[PDB]
Amino acid sequence: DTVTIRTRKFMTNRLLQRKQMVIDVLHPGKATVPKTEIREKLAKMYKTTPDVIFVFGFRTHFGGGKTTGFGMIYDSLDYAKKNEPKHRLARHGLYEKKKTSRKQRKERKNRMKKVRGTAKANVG
Amino acid sequence: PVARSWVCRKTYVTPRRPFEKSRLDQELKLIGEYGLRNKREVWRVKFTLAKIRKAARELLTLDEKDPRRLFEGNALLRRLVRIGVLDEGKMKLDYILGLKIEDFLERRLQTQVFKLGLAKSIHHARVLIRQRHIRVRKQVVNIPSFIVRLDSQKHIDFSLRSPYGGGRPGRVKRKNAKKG
Amino acid sequence: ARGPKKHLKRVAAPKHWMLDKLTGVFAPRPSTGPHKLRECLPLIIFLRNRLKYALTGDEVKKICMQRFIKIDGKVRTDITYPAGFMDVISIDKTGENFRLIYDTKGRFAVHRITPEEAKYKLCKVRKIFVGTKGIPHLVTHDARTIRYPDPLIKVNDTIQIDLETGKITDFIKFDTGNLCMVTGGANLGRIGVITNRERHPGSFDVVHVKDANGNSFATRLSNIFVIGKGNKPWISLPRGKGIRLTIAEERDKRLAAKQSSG
RNA sequence: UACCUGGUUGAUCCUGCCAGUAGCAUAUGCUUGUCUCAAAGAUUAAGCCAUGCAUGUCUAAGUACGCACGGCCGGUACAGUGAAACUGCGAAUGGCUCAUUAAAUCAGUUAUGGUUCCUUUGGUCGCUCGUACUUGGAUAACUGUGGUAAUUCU
RNA sequence: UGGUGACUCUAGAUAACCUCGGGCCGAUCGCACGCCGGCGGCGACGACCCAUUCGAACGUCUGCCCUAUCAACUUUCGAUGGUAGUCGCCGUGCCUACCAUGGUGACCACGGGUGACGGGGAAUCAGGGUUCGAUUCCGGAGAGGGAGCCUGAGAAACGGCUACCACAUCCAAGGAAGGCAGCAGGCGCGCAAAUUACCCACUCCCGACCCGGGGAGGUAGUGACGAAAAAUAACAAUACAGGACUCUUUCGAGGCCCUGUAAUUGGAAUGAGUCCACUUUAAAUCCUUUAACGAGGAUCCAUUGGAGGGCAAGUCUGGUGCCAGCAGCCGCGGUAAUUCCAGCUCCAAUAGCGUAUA
RNA sequence: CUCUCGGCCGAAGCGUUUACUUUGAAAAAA
Ligand SMILES: [Mg+2]
Ligand SMILES: [Mg+2]
Ligand SMILES: [Mg+2]
Ligand SMILES: [Mg+2]
Ligand SMILES: [Mg+2]
Ligand SMILES: [Mg+2]
Ligand SMILES: [Mg+2]
Ligand SMILES: [Mg+2]
Ligand SMILES: [Mg+2]
Ligand SMILES: [Mg+2]
Ligand SMILES: [Mg+2]
Ligand SMILES: [Mg+2]
Ligand SMILES: [Mg+2]
Ligand SMILES: [Mg+2]
Ligand SMILES: [Mg+2]
Ligand SMILES: [Mg+2]
Ligand SMILES: [Mg+2]
Ligand SMILES: [Mg+2]
Ligand SMILES: [Mg+2]
Ligand SMILES: [Mg+2]
Ligand SMILES: [Mg+2]
Ligand SMILES: [Mg+2]
Ligand SMILES: [Mg+2]
Ligand SMILES: [Mg+2]
Ligand SMILES: [Mg+2]
Ligand SMILES: [Mg+2]
Ligand SMILES: [Mg+2]
Ligand SMILES: [Mg+2]
Ligand SMILES: [Mg+2]
Ligand SMILES: [Mg+2]
Ligand SMILES: [Mg+2]
Ligand SMILES: [Mg+2]
Ligand SMILES: [Mg+2]
Ligand SMILES: [Mg+2]
Ligand SMILES: [Mg+2]
Ligand SMILES: [Mg+2]
Ligand SMILES: [Mg+2]
Ligand SMILES: [Mg+2]
Ligand SMILES: [Mg+2]
Ligand SMILES: [Mg+2]
Ligand SMILES: [Mg+2]
Ligand SMILES: [Mg+2]
Ligand SMILES: [Mg+2]
Ligand SMILES: [Mg+2]
Ligand SMILES: [Mg+2]
């Protein structure tokens, strides 16, 4: 019941299709608010669904009163899917990486650097 | 190459003659009265003041009418005022050279807490600050040597998180209450 | 080094870009283009730093590929494409139109403009050469080269160019009693009226300029840029009227702004 | 902070160095709870080097007849994703080190009216009076037959 | 016609020239589909040549450490200048041909040395200096040593190639392949220096490209090079022990200040740690946020040097007896050692402190 | 210090030349 959302710098990008802003949080007793919570409070301010909003970079000040971050709120889910850097989509679980390491595709790369045409595909 | 800042300074200088009765006694007194940790803390202050005295001395050779003397001087005096050392009567340039160590050892948070009578001994104070019971405005300060600005002095508190002003009891009262 | 250099170290970037030591080893290295790199702005500095629109290089990239940004009415999809003094950035989506002028302090500032005024720019004429069947040629500071100009246009004259047709509408001749900005130098970003121009053969030509506050200073002729006829500038001026300030008075500017704030 | 003490003589004043005293970097001995920063195979051997990686690249817009996929509707020249290969571009930057190098490098200063310049930006691109509703041959991937202990061989 | 401080400039007119180891004039691609059998909108590549940008390359003026146990130097083989060329991208003894006999030097040439890459800078400093700058920015050089070229706008390129020298790998003995002064890591050298870690999220770069790639870079690990903040206790009572102000002729009294020591009591306060969850982040880590536990004696204990003088601090106590030993220097040690070896004490700086060396 | 043009003042001159001095502009960022 005691948690407070204020929004400091605020701007609208017509060109990224988003409401892009700074998020302030008052949480005097508690440990830092989890993001899945803060999205809800934030959501009910701008009346939009939870889905479409992305908060990050939360930092808590010494002595435990306040927390500062960024958030950005997209018009359509889809716009988000295009415009958002992917890892953030992945914290929501929309986008999924490939689990191959760097040594992996590096090795495979130098392997098929050694053969001619159709044979390249036969290597892994 | 890298993305890193290399800048740093030394915050103090160690005296030329290591052992002299005079220095040792005077600096011991300074240590005791304000409850400092080691001779370093004294040299630290002594050095920060020393810089100021150098700036001033190298303004004083310049003519009054010079833009730089006027501007740079007014800045220096202003900082020196708002920390609480100088007054606005004495706000001329030369009264700077009239400054002593004690004056900065005044405006340390450690001593301010003991002057405002929040803590009952100087050392009790140094503990109290480090123990996070102390706060400035809404801000909690963990450092004994935090120079307290003139205007920020009027609010120095017991920090609503703590037992003292903020009504939750500590570990110790908790245990004695769980036995009884 | 064998051949040309493609990187720019962050620290050696041009000062007035205002970059930080902390966030990288490099900086943008403006692509080759119309304005000299030392002098100019890259689109990515301007768009993500001055304007704050984009946070990172990548968000910017996503901006230029929706082909939003137009420089002089044409889409530039290159993010490091240099814009420079006296240049127009049009963003159609926000209806925002920026011209690039120098501050008093010598930095490019964000300066907003009427959609009307955005339809033209000023240029300096760097040289005049005749070529190919006696046809006269203009070269601006923008590198725009223009043929069949009015024979009355001589060197160091300003032209007004329609950005649509790329054709000169009318021009201002370089003379005492006209109104200029210093483009690069110590005095960069200042505005005044030409008092005097002294000529040293075999060297730089020295120009004296006087303010609206009556202060005077010199530059090299190449650094002068003639904005207006008599006392009245053709372009909109930036918020700072283009007159510098002794530090001392600027401090009091700030202070009065602190006492009137509340 | 514009600073000096001990040491020659039985004692004294000197010249005078030795020693002390404070920083600063490299090493090193002992010790070490907390947090923020952060240098780090330069000196001697620009001595030697296993192994892995450090430079690749496709839009709608240069070449697709790989069924590799699917793909629909199937005489549609070519629907579409697309490995490979040809083509284009890049590999001259960046990274490392300090052997050489003493008006050389280099710094400020100037010049190119004494030259070259991928690219980018703008200019030009029916100014020439004399099979085109489209031209010629080859080659790679691919198919196959191979060689050599050995290769990013052919 | 136009332009410069100045052209053998730019533009114009005339005669011709034009390389088969050829110069320009688009035999090309996409998306929309529309108009009166014809017409065309936007783009993508191309392209000779101007101009421009990034440059690059040669020149100008002034500036460098030590050395005379280097005083004359260069010129038959270009030294200095002249004239015509060749070569080059052009200016030039750059190179050839022919002439001239010059050019440099105590204002230090020429030669040698440098534990010499040059700067921006660093350390130290009253004023003046001295020393250092391999090292993150700028410039130069180099990729085992030399040399020589292909390709190209651009290399005399080394994660291209061709030799020779030095090294070293494979071999079926015919042959083949090498270049860590990129990142890691290994050997050797040494007084002397980190993980065969995770990443393209940031910063920028390259590409036909919004999409791919990057040991450039970023992030962790190791890190007492160095720099910043900063714990190891605070409080109260007593118990005294003491001391200063007040009262008393003194005895004494004081509820008034302080201080120590308390194998005195007392609960209050916290971080170190352990540790749920959040946050952090490309994924983690740390910090910060926060629940839960977590402080009374050898514990959750501070060490390094010192204790004759310089120089701060012992005429202690026991051992040694010109030995072992200390001692930077002056000195100490030969049976009462304020200097050794130790126990006690105290003294200096303090999460630091000693040694050696520039 | 002085004359030829332009709107009594600017461009044109020179005065022997330097050193010294003050002033301007140029001096990458870190
Ligand atoms: Mg390089
Ligand atoms: Mg000139
Ligand atoms: Mg004697
Ligand atoms: Mg004696
Ligand atoms: Mg000495
Ligand atoms: Mg902690
Ligand atoms: Mg080495
Ligand atoms: Mg060396
Ligand atoms: Mg290829
Ligand atoms: Mg290109
Ligand atoms: Mg073009
Ligand atoms: Mg085959
Ligand atoms: Mg000649
Ligand atoms: Mg010649
Ligand atoms: Mg000859
Ligand atoms: Mg050397
Ligand atoms: Mg040096
Ligand atoms: Mg260096
Ligand atoms: Mg290194
Ligand atoms: Mg370098
Ligand atoms: Mg090289
Ligand atoms: Mg080697
Ligand atoms: Mg090329
Ligand atoms: Mg080579
Ligand atoms: Mg290599
Ligand atoms: Mg290379
Ligand atoms: Mg290595
Ligand atoms: Mg060893
Ligand atoms: Mg080390
Ligand atoms: Mg990246
Ligand atoms: Mg990518
Ligand atoms: Mg690296
Ligand atoms: Mg670590
Ligand atoms: Mg150490
Ligand atoms: Mg430290
Ligand atoms: Mg920790
Ligand atoms: Mg305890
Ligand atoms: Mg001890
Ligand atoms: Mg002893
Ligand atoms: Mg002593
Ligand atoms: Mg003593
Ligand atoms: Mg010693
Ligand atoms: Mg001694
Ligand atoms: Mg010492
Ligand atoms: Mg500077």
# chains A, B, ... in the order shown; residues from 1 in each chain; ligands from 1
$ residues_around --residues "segment 27-29 of chain F" --least-positions-apart "6" --cutoff "7 Å" --atoms "only C-alpha atoms (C1' of nucleotides)" --output "list in words"
residues 11, 12 and 15 of chain C
$ residues_around --residues "residue 171 of chain E" --least-positions-apart "4" --cutoff "9 Å" --atoms "only C-alpha atoms (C1' of nucleotides)" --output "ChimeraX atom specification"
/D:149-150 /E:175-176
$ interface_residues --of "chain A" --to "chain C" --cutoff "7 Å" --atoms "only C-alpha atoms" --output "list in words"
residues 13, 14 and 15 of chain A
$ interface_residues --of "chain E" --to "chain C" --cutoff "10 Å" --atoms "only C-alpha atoms (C1' of nucleotides)" --output "number ranges by chain"
E: 1-3, 5-6, 10-12, 50-56, 136-138, 140, 153-155, 157, 202-206, 210, 216-218
$ residues_near_ligand --ligand "ligand 3" --cutoff "12 Å" --atoms "only C-alpha atoms (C1' of nucleotides) and all ligand atoms" --output "count of residues only"
3
$ residues_near_ligand --ligand "ligand 16" --cutoff "9 Å" --atoms "only C-alpha atoms (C1' of nucleotides) and all ligand atoms" --output "number ranges by chain"
D: 98-100; E: 114-117
$ atom_distance --atom1 "atom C1' of residue 340 of chain E" --atom2 "atom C1' of residue 309 of chain E"
18.3 Å
$ residues_around --residues "residue 222 of chain C" --least-positions-apart "4" --cutoff "10 Å" --atoms "only C-alpha atoms (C1' of nucleotides)" --output "list in words"
residues 124, 126, 156, 182, 183, 184, 185, 204, 205, 206 and 207 of chain C
$ write_last_selection --atoms "N, CA and C atoms" --output "short mmCIF file (atom, residue, chain, number, x, y, z; two decimals), in the first residue's frame"
data_model
loop_
_atom_site.label_atom_id
_atom_site.label_comp_id
_atom_site.auth_asym_id
_atom_site.auth_seq_id
_atom_site.Cartn_x
_atom_site.Cartn_y
_atom_site.Cartn_z
N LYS C 124 27.92 30.60 -47.86
CA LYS C 124 29.04 31.46 -48.17
C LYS C 124 29.54 31.04 -49.53
N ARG C 126 32.59 30.23 -51.75
CA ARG C 126 34.00 30.04 -51.56
C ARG C 126 34.80 30.40 -52.77
N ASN C 156 33.15 35.53 -50.92
CA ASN C 156 32.75 35.81 -49.53
C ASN C 156 31.41 36.48 -49.40
N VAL C 182 30.81 34.89 -36.66
CA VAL C 182 32.08 34.22 -36.75
C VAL C 182 31.82 32.70 -36.71
N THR C 183 32.26 32.01 -37.76
CA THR C 183 32.01 30.57 -37.95
C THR C 183 32.96 29.60 -37.26
N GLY C 184 34.22 29.98 -37.15
CA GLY C 184 35.15 29.21 -36.35
C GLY C 184 36.26 30.14 -35.95
N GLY C 185 36.87 29.87 -34.81
CA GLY C 185 37.91 30.74 -34.36
C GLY C 185 37.76 30.86 -32.87
N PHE C 204 46.40 35.98 -44.34
CA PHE C 204 45.00 36.08 -43.95
C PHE C 204 44.56 37.53 -43.92
N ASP C 205 43.30 37.76 -44.30
CA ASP C 205 42.72 39.09 -44.22
C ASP C 205 41.97 39.24 -42.91
N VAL C 206 42.21 40.34 -42.22
CA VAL C 206 41.69 40.52 -40.88
C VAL C 206 40.40 41.30 -40.85
N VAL C 207 39.42 40.80 -40.13
CA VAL C 207 38.18 41.54 -40.07
C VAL C 207 37.83 41.98 -38.66
#
$ interface_residues --of "chain D" --to "chain B" --cutoff "12 Å" --atoms "only C-alpha atoms (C1' of nucleotides)" --output "ChimeraX atom specification"
/D:1,3-5,20-23,35,37-39,94-96
$ residues_around --residues "residue 280 of chain E" --least-positions-apart "4" --cutoff "10 Å" --atoms "only C-alpha atoms (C1' of nucleotides)" --output "list in words"
residues 56, 57, 58, 59 and 60 of chain A; 284, 285, 286, 287 and 288 of chain E
$ write_last_selection --atoms "N, CA, C and O atoms (P, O5', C5', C4', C3', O3' and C1' of nucleotides)" --output "PDB file, in the first residue's frame"
ATOM      1  N   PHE A  56      13.565  -0.366 -16.837  1.00  0.00           N
ATOM      2  CA  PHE A  56      14.901  -0.902 -16.616  1.00  0.00           C
ATOM      3  C   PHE A  56      15.796   0.112 -15.949  1.00  0.00           C
ATOM      4  O   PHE A  56      15.464   1.297 -15.859  1.00  0.00           O
ATOM      5  N   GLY A  57      16.941  -0.371 -15.489  1.00  0.00           N
ATOM      6  CA  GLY A  57      18.015   0.501 -15.073  1.00  0.00           C
ATOM      7  C   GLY A  57      17.755   1.045 -13.692  1.00  0.00           C
ATOM      8  O   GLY A  57      18.221   2.131 -13.340  1.00  0.00           O
ATOM      9  N   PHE A  58      17.010   0.281 -12.902  1.00  0.00           N
ATOM     10  CA  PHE A  58      16.633   0.734 -11.577  1.00  0.00           C
ATOM     11  C   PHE A  58      17.758   0.696 -10.604  1.00  0.00           C
ATOM     12  O   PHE A  58      18.462  -0.291 -10.459  1.00  0.00           O
ATOM     13  N   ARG A  59      17.895   1.801  -9.912  1.00  0.00           N
ATOM     14  CA  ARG A  59      19.014   2.000  -9.049  1.00  0.00           C
ATOM     15  C   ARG A  59      18.480   2.515  -7.729  1.00  0.00           C
ATOM     16  O   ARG A  59      17.628   3.404  -7.706  1.00  0.00           O
ATOM     17  N   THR A  60      18.959   1.969  -6.625  1.00  0.00           N
ATOM     18  CA  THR A  60      18.452   2.420  -5.348  1.00  0.00           C
ATOM     19  C   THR A  60      19.469   3.320  -4.651  1.00  0.00           C
ATOM     20  O   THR A  60      20.670   3.053  -4.688  1.00  0.00           O
TER      21      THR A  60
ATOM     22  P     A E 284      20.277 -13.382 -15.063  1.00  0.00           P
ATOM     23  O5'   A E 284      21.732 -12.902 -14.609  1.00  0.00           O
ATOM     24  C5'   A E 284      22.154 -12.962 -13.252  1.00  0.00           C
ATOM     25  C4'   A E 284      23.526 -13.587 -13.110  1.00  0.00           C
ATOM     26  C3'   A E 284      24.406 -13.007 -12.016  1.00  0.00           C
ATOM     27  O3'   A E 284      24.054 -13.459 -10.713  1.00  0.00           O
ATOM     28  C1'   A E 284      25.676 -13.221 -13.982  1.00  0.00           C
ATOM     29  P     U E 285      23.794 -12.397  -9.526  1.00  0.00           P
ATOM     30  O5'   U E 285      25.270 -12.033  -9.054  1.00  0.00           O
ATOM     31  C5'   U E 285      26.255 -13.051  -8.975  1.00  0.00           C
ATOM     32  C4'   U E 285      27.646 -12.485  -9.055  1.00  0.00           C
ATOM     33  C3'   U E 285      27.953 -11.352  -8.096  1.00  0.00           C
ATOM     34  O3'   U E 285      28.187 -11.800  -6.771  1.00  0.00           O
ATOM     35  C1'   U E 285      28.789 -10.821 -10.230  1.00  0.00           C
ATOM     36  P     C E 286      27.313 -11.225  -5.548  1.00  0.00           P
ATOM     37  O5'   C E 286      27.887  -9.756  -5.334  1.00  0.00           O
ATOM     38  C5'   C E 286      29.169  -9.589  -4.759  1.00  0.00           C
ATOM     39  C4'   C E 286      29.808  -8.282  -5.143  1.00  0.00           C
ATOM     40  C3'   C E 286      29.241  -7.033  -4.497  1.00  0.00           C
ATOM     41  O3'   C E 286      29.640  -6.883  -3.143  1.00  0.00           O
ATOM     42  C1'   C E 286      29.654  -6.630  -6.790  1.00  0.00           C
ATOM     43  P     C E 287      28.544  -6.597  -2.000  1.00  0.00           P
ATOM     44  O5'   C E 287      28.254  -5.038  -2.151  1.00  0.00           O
ATOM     45  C5'   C E 287      29.322  -4.108  -2.237  1.00  0.00           C
ATOM     46  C4'   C E 287      28.873  -2.798  -2.824  1.00  0.00           C
ATOM     47  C3'   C E 287      27.615  -2.203  -2.220  1.00  0.00           C
ATOM     48  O3'   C E 287      27.857  -1.519  -1.000  1.00  0.00           O
ATOM     49  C1'   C E 287      27.503  -2.095  -4.581  1.00  0.00           C
ATOM     50  P     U E 288      26.925  -1.795   0.281  1.00  0.00           P
ATOM     51  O5'   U E 288      25.542  -1.132  -0.127  1.00  0.00           O
ATOM     52  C5'   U E 288      25.513   0.220  -0.537  1.00  0.00           C
ATOM     53  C4'   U E 288      24.258   0.542  -1.292  1.00  0.00           C
ATOM     54  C3'   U E 288      22.955   0.134  -0.643  1.00  0.00           C
ATOM     55  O3'   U E 288      22.567   0.978   0.424  1.00  0.00           O
ATOM     56  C1'   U E 288      22.886  -0.366  -2.943  1.00  0.00           C
TER      57        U E 288
END
$ closest_atom_pairs --of "chain D" --to "ligand 2" --cutoff "12 Å" --atoms "only C-alpha atoms (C1' of nucleotides) and all ligand atoms" --output "tab-separated table"
residue	atom	partner	partner_atom_place_in_ligand_line	distance
D:110	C1'	ligand 2	1 (Mg)	10.3
D:111	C1'	ligand 2	1 (Mg)	8.0
D:112	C1'	ligand 2	1 (Mg)	10.0
D:113	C1'	ligand 2	1 (Mg)	8.7
$ write_last_selection --atoms "N, CA and C atoms (P, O5', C5', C4', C3', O3' and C1' of nucleotides)" --output "PDB file, in the first residue's frame"
ATOM      1  P     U D 110      50.397  30.021 -39.460  1.00  0.00           P
ATOM      2  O5'   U D 110      50.451  30.520 -40.958  1.00  0.00           O
ATOM      3  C5'   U D 110      50.455  29.575 -42.003  1.00  0.00           C
ATOM      4  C4'   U D 110      51.777  29.571 -42.716  1.00  0.00           C
ATOM      5  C3'   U D 110      51.698  29.110 -44.151  1.00  0.00           C
ATOM      6  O3'   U D 110      51.331  30.172 -44.991  1.00  0.00           O
ATOM      7  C1'   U D 110      53.413  27.936 -43.067  1.00  0.00           C
ATOM      8  P     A D 111      50.206  29.943 -46.097  1.00  0.00           P
ATOM      9  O5'   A D 111      51.032  30.189 -47.434  1.00  0.00           O
ATOM     10  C5'   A D 111      50.737  29.445 -48.592  1.00  0.00           C
ATOM     11  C4'   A D 111      51.895  28.604 -49.046  1.00  0.00           C
ATOM     12  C3'   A D 111      51.501  27.538 -50.032  1.00  0.00           C
ATOM     13  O3'   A D 111      51.285  28.077 -51.306  1.00  0.00           O
ATOM     14  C1'   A D 111      52.940  26.602 -48.440  1.00  0.00           C
ATOM     15  P     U D 112      49.777  28.216 -51.800  1.00  0.00           P
ATOM     16  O5'   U D 112      49.665  27.015 -52.833  1.00  0.00           O
ATOM     17  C5'   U D 112      50.759  26.759 -53.698  1.00  0.00           C
ATOM     18  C4'   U D 112      51.029  25.288 -53.915  1.00  0.00           C
ATOM     19  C3'   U D 112      49.896  24.424 -54.447  1.00  0.00           C
ATOM     20  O3'   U D 112      49.678  24.617 -55.840  1.00  0.00           O
ATOM     21  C1'   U D 112      51.213  23.241 -52.848  1.00  0.00           C
ATOM     22  P     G D 113      48.303  25.241 -56.418  1.00  0.00           P
ATOM     23  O5'   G D 113      48.806  26.143 -57.630  1.00  0.00           O
ATOM     24  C5'   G D 113      49.817  25.660 -58.507  1.00  0.00           C
ATOM     25  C4'   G D 113      50.832  26.729 -58.813  1.00  0.00           C
ATOM     26  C3'   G D 113      51.794  27.064 -57.685  1.00  0.00           C
ATOM     27  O3'   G D 113      52.990  27.555 -58.273  1.00  0.00           O
ATOM     28  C1'   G D 113      50.498  28.962 -58.175  1.00  0.00           C
TER      29        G D 113
END
$ residues_around --residues "residue 58 of chain E" --least-positions-apart "4" --cutoff "12 Å" --atoms "only C-alpha atoms (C1' of nucleotides)" --output "number ranges by chain"
D: 111-112, 114-116; E: 89-92
$ write_last_selection --atoms "C-alpha atoms (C1' of nucleotides)" --output "PDB file, in the first residue's frame"
ATOM      1  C1'   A D 111      52.940  26.602 -48.440  1.00  0.00           C
ATOM      2  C1'   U D 112      51.213  23.241 -52.848  1.00  0.00           C
ATOM      3  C1'   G D 114      54.272  21.771 -57.815  1.00  0.00           C
ATOM      4  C1'   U D 115      50.834  17.076 -57.264  1.00  0.00           C
ATOM      5  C1'   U D 116      47.440  12.223 -56.289  1.00  0.00           C
TER       6        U D 116
ATOM      7  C1'   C E  89      51.879  11.742 -59.201  1.00  0.00           C
ATOM      8  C1'   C E  90      54.330  16.589 -59.782  1.00  0.00           C
ATOM      9  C1'   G E  91      58.999  20.439 -57.404  1.00  0.00           C
ATOM     10  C1'   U E  92      63.867  18.936 -57.043  1.00  0.00           C
TER      11        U E  92
END
$ residues_around --residues "residue 225 of chain E" --least-positions-apart "5" --cutoff "12 Å" --atoms "only C-alpha atoms (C1' of nucleotides)" --output "PDB file with N, CA, C and O atoms (P, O5', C5', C4', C3', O3' and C1' of nucleotides), in the first residue's frame"
ATOM      1  P     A D  25      54.310   7.603  -7.518  1.00  0.00           P
ATOM      2  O5'   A D  25      54.538   6.889  -8.937  1.00  0.00           O
ATOM      3  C5'   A D  25      54.914   5.514  -9.049  1.00  0.00           C
ATOM      4  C4'   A D  25      56.348   5.368  -9.493  1.00  0.00           C
ATOM      5  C3'   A D  25      56.823   3.944  -9.766  1.00  0.00           C
ATOM      6  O3'   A D  25      56.582   3.588 -11.135  1.00  0.00           O
ATOM      7  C1'   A D  25      58.425   5.166  -8.452  1.00  0.00           C
ATOM      8  P     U D  26      56.199   2.088 -11.625  1.00  0.00           P
ATOM      9  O5'   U D  26      56.809   1.128 -10.507  1.00  0.00           O
ATOM     10  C5'   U D  26      56.739  -0.280 -10.652  1.00  0.00           C
ATOM     11  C4'   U D  26      58.103  -0.904 -10.610  1.00  0.00           C
ATOM     12  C3'   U D  26      58.251  -2.053  -9.640  1.00  0.00           C
ATOM     13  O3'   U D  26      57.709  -3.266 -10.128  1.00  0.00           O
ATOM     14  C1'   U D  26      60.046  -0.578  -9.354  1.00  0.00           C
ATOM     15  P     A D  27      56.815  -4.170  -9.145  1.00  0.00           P
ATOM     16  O5'   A D  27      57.921  -4.936  -8.285  1.00  0.00           O
ATOM     17  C5'   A D  27      59.001  -5.577  -8.950  1.00  0.00           C
ATOM     18  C4'   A D  27      60.167  -5.850  -8.042  1.00  0.00           C
ATOM     19  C3'   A D  27      59.864  -6.568  -6.750  1.00  0.00           C
ATOM     20  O3'   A D  27      59.738  -7.954  -6.944  1.00  0.00           O
ATOM     21  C1'   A D  27      61.289  -4.766  -6.318  1.00  0.00           C
ATOM     22  P     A D  38      37.870   2.001 -12.718  1.00  0.00           P
ATOM     23  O5'   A D  38      39.434   1.734 -12.699  1.00  0.00           O
ATOM     24  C5'   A D  38      40.324   2.799 -12.965  1.00  0.00           C
ATOM     25  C4'   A D  38      41.702   2.481 -12.474  1.00  0.00           C
ATOM     26  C3'   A D  38      42.332   1.245 -13.077  1.00  0.00           C
ATOM     27  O3'   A D  38      42.909   1.504 -14.343  1.00  0.00           O
ATOM     28  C1'   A D  38      42.548   1.166 -10.745  1.00  0.00           C
ATOM     29  P     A D  39      43.336   0.300 -15.320  1.00  0.00           P
ATOM     30  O5'   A D  39      44.911   0.237 -15.146  1.00  0.00           O
ATOM     31  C5'   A D  39      45.650   1.441 -15.175  1.00  0.00           C
ATOM     32  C4'   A D  39      47.082   1.213 -14.811  1.00  0.00           C
ATOM     33  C3'   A D  39      47.740   0.017 -15.461  1.00  0.00           C
ATOM     34  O3'   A D  39      48.198   0.310 -16.760  1.00  0.00           O
ATOM     35  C1'   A D  39      48.239   0.042 -13.167  1.00  0.00           C
ATOM     36  P     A D  40      48.222  -0.825 -17.890  1.00  0.00           P
ATOM     37  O5'   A D  40      48.845  -2.108 -17.170  1.00  0.00           O
ATOM     38  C5'   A D  40      50.240  -2.382 -17.278  1.00  0.00           C
ATOM     39  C4'   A D  40      50.716  -3.460 -16.330  1.00  0.00           C
ATOM     40  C3'   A D  40      50.443  -4.895 -16.746  1.00  0.00           C
ATOM     41  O3'   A D  40      51.393  -5.383 -17.688  1.00  0.00           O
ATOM     42  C1'   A D  40      49.775  -4.605 -14.511  1.00  0.00           C
TER      43        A D  40
ATOM     44  P     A E 193      56.997 -11.621 -12.167  1.00  0.00           P
ATOM     45  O5'   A E 193      55.459 -11.529 -12.592  1.00  0.00           O
ATOM     46  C5'   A E 193      54.512 -10.756 -11.850  1.00  0.00           C
ATOM     47  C4'   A E 193      53.638  -9.930 -12.768  1.00  0.00           C
ATOM     48  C3'   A E 193      53.244 -10.613 -14.077  1.00  0.00           C
ATOM     49  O3'   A E 193      52.008 -11.311 -13.931  1.00  0.00           O
ATOM     50  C1'   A E 193      54.120  -8.426 -14.510  1.00  0.00           C
TER      51        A E 193
END
$ closest_residue --among "D:129, D:49, D:92, D:83" --to "chain A" --atoms "only C-alpha atoms (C1' of nucleotides)"
D:83
$ select_by_dssp --residues "segment 2-178 of chain B" --states "strand (DSSP E or B)" --output "ChimeraX atom specification"
/B:108,135-136,139-140,147,156-157
$ residues_near_ligand --ligand "ligand 34" --cutoff "10 Å" --atoms "only C-alpha atoms (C1' of nucleotides) and all ligand atoms" --output "list in words"
residues 27, 28 and 29 of chain D; 224, 225, 226, 352 and 353 of chain E
$ residues_near_ligand --ligand "ligand 42" --cutoff "9 Å" --atoms "only C-alpha atoms (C1' of nucleotides) and all ligand atoms" --output "number ranges by chain"
E: 327-328, 355
$ residues_near_ligand --ligand "ligand 31" --cutoff "9 Å" --atoms "only C-alpha atoms (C1' of nucleotides) and all ligand atoms" --output "list in words"
residues 200, 211, 212 and 213 of chain E
$ interface_residues --of "chain C" --to "chain F" --cutoff "12 Å" --atoms "only C-alpha atoms (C1' of nucleotides)" --output "ChimeraX atom specification"
/C:9-21,38,176,184-188,195-199,204-208,216-221,223
